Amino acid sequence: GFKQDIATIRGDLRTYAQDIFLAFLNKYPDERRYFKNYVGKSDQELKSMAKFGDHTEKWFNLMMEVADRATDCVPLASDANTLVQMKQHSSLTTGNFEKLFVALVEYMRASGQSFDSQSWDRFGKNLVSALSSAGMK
């Protein structure tokens, strides 16, 4: 289930983080404009960049903490507030998060690993609701 999926991702986090982030950027290539130095690169070029794995792991490290602090896939309001107020997220709207979760759920459904993809879809919807409650446009 969802709780065990957090443990599965944490046991191979850099690989899952990069693979899910690449699935996101490949499904929604214009989302590269929120980043720097990602356009014009294949997946293997991105994975050999100095910062790509490190930044994407830091993302997913915090995402798994937000998932782990949730109750029944409902995140803490304090975690949502942090994600709204982060300077790095000042250009974002809830739509950016909705696209991330579409891509993450599609990746889980296609994976050989037995993820509870429906719970991840609910967690993303509840996270988006919490971002809106915390004032993200």
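Residue indices: 1-based, along the sequence shown.
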Quick one: higher average CA temperature factor, 61 to 69 or 91 to 99?
91 to 99
Could you check the entry and say whether 21 to 29 or 109 to 117 has the higher mean CA B-factor?
109 to 117
The residue of 46, 86, 76, 104 with the maximal C-alpha B-factor according to the PDB record is 86
Residue 10 - which third its CA temperature factor falls in, relative to the rest of the chain:
lowest
